[PDB]
Amino acid sequence: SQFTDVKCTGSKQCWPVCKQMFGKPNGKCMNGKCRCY
């Protein structure tokens, strides 16, 4: 997992975040913050 500080309630929210931050959308909302894979 890659850490982010981006808050979230649902995993789909994390897809654009992870795409911007790490180059792929694969990501889940984990304990209220995005994690990217």
Side-chain angles (χ1 to χ4, degrees), residues 4-25 27-37:
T4 81
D5 228 27
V6 176
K7 296 172 180 88
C8 57
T9 52
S11 291
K12 275 189 194 209
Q13 296 181 307
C14 299
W15 295 352
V17 165
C18 293
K19 182 51 182 187
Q20 288 188 339
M21 292 184 69
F22 298 97
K24 289 185 303 196
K28 292 176 179 184
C29 191
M30 299 302 263
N31 191 41
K33 294 178 190 256
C34 294
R35 297 236 138 225
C36 309
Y37 300 96

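We number each residue from 1, following the sequence as shown. Side-chain atoms are counted along with the backbone in the values below, which use heavy atoms only and exclude waters and symmetry mates.
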> For the residue pair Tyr37 and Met30, what are the closest heavy atoms and their distance?
Replying inline: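 Where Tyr37 meets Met30 most closely, the heavy atoms are OH-CE, 3.7 Å.
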
> What heavy-atom pair brings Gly10 and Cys29 nearest, and what distance separates the two atoms?
Replying inline: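 Heavy-atom minimum between the residues: C-CB, 3.6 Å.
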
> How would you list, by chain and number, every residue that makes a side chain to side chain contact (heavy atoms under 4.5 Å, CB included) with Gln13, sequence neighbours excluded?
Replying inline: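 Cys8, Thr9.
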
>> With rounding to the nearest 0.5 angstrom, report the CH2 to NZ distance, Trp15 to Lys28.
In response: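 Rounded to the nearest 0.5 Å, the CH2-NZ separation comes to 10.5 Å.
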
> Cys36 and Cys18: sulfurs closer than 2.5 Å?
Replying inline: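 Disulfide present: SG-SG distance under 2.5 Å.
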
>> Quick one: does any side-chain atom of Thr4 pair with a main-chain N or O of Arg35 as donor and acceptor, under 3.5 Å?
In response: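 No: the side chain of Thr4 does not pair with the backbone of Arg35.
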
